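**Student:** Have a look at this one before I ask anything.
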Amino acid sequence: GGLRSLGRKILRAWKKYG
């Protein structure tokens, strides 16, 4: 997880925000 991947970090929705 990094700068440009930040979006795909959300995209994978591991825990999804909250």
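If you're wondering about the labels, chains in the structure tokens are A, B, ... by order shown, residues count from 1 in each chain, ligands from 1 in order shown.
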Quick one: DSSP alpha helix (DSSP H) residues in chain A, as a list in words?
**Tutor:**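 Alpha helix (DSSP H) assignments inside chain A correspond to residues 6, 7, 8, 9, 10 and 11 of chain A.
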